[PDB]
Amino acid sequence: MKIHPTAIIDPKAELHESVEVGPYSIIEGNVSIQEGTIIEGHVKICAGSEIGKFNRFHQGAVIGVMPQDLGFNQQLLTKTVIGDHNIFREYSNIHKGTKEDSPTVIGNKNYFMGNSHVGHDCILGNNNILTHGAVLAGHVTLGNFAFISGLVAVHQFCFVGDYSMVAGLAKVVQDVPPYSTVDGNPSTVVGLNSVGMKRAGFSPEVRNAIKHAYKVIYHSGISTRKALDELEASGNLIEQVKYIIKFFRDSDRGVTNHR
């Protein structure tokens, strides 16, 4: 329940009694911080921030700061929604939404390495890793268990599928498909994120069905449109594969070129 005396916390900020705030941190008004959340030193939590339970914010992390959008109205009250059990490492930088009804949303059990960045209006699910120095532009969506490696940049309006991986230094300009590994500049889909599926304990049967789905899509000499139709006409598919199909059809920017 210990808070450092040299912390500047607004009277109105709704901090749970268990919460810890370190030296020279600054918490603004219109802030909710729930149970078990530990804040270190020099952390800034900006107005609009709704932080859940058992999160950690390491030194210099900056939460709910202004959108890096030159057309954004700074007098607006916009939000940063953060779930439970997230870790924000040193100088990680999370920006709030650009509209009253579009917050920046982070789920549970995500890990933001030092100096990593989440732009305005990003939506992240659960158990994601954003590695050191990686930057998401505004309006980037991650599903669950995505691994984004160091110094990656993700273009605005891209989706990153569940259990996908993006290697160091990759320039992502289109969607990263589920269960897949993306790499390079220009980046391409390399193949399956097998290591991630195994780590996640996917049965060999599911992993093979995911493999067959992408064999059809990417390794059968037919267009993506025809490949998706073939998969469906094939009969009853597992939900992972239905998810792959949906992901391809709903894609806004399109899906990263295959290598």
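Start at 1 and count along the sequence shown; that's the residue number.
Relative to its counterpart among 74-82 and 117-125, 74-82 has the higher mean temperature factor, C-alpha atoms as listed in the PDB entry. Higher mean CA B-factor, judged across 40-48 and 205-213 from the recorded values: 40-48. Of the candidates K171, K96, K99, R89, it is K99 whose Cα B-factor is highest according to the PDB record.
As recorded in the PDB entry, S32 shows the highest C-alpha B-factor of the residues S32, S223, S194, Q59. Compared with the other modelled residues of the chain, the Cα B-factor recorded for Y24 ranks in the highest third. When the modelled residues of the chain are ordered by their C-alpha B factor, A233 lands in the highest third.
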